[PDB]
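Participant: Here it is: the structure, laid out below.
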Amino acid sequence: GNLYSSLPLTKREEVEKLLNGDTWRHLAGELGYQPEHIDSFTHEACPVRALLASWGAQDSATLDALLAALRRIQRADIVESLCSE
């Protein structure tokens with residue numbers, strides 16, 4: 001689809017509300033980042049902030065990619081918000 005970082009605005013900060021301080025980890029691994037990066041992402045300024053900047057620099061880091069990895073961990077609650085809210 002379109003990228004995740006394609007949203008340049010505070011709707012991504014509204015994803016810090018959604019991709020909450022737990023399930024983002026689970027997703028991070030399922031998004032092909034090694035566990036060392038998942039750990040460095042909770043050390044970096046905030047996970048979801050440096051996550052949507054860094055994952056959102058990778059090839060097919062589309063909204064529909066992140067949504068798929070979420071729906072794979074059945075965290076479809078975040079996905080349906082991601083769909084709009």
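Labels used: A, B, ... for chains in the order of the structure tokens, numbers from 1 for residues in each chain, and numbers from 1 for ligands as shown.
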Skip residue 24 of chain A itself and residues of its chain fewer than 2 positions away, then list as JSON, numbers by chain all residues within 12 Å of it, counting only C-alpha atoms.
Facilitator: {"A": [15, 16, 17, 18, 19, 20, 21, 22, 26, 27, 28, 29, 30, 31, 33, 38, 39, 41, 42, 46, 47, 48, 49, 50, 51, 52, 66, 67, 69, 70, 73, 75, 78]}
Participant: Could you name the residues that touch residue 1 of chain A at 10 Å or less, counting only C-alpha atoms, but leaving out those on the same chain fewer than 6 positions away, as a list in words?
Facilitator: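 Skipping anything fewer than 6 positions along the chain leaves residues 60, 61, 62, 63, 64 and 65 of chain A.
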Participant: DSSP on the backbone: which residues in chain A end up as alpha helix (DSSP H)? Give the answer as an NGL selection string.
Facilitator: :A and (13-18 or 23-30 or 35-43 or 47-54 or 63-72 or 76-83)
Participant: So how far away is atom CA of residue 74 of chain A from atom CA of residue 32 of chain A, in Å?
Facilitator: 17.3 Å
Participant: Mind pulling up the distance from atom CA of residue 56 of chain A to atom CA of residue 10 of chain A?
Facilitator: 14.9 Å
Participant: From the list A:40, A:72, A:81, A:55, which residue is nearest residue 4 of chain A when using only C-alpha atoms?
Facilitator: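 Of all the options, A:55 lies closest to residue 4 of chain A.
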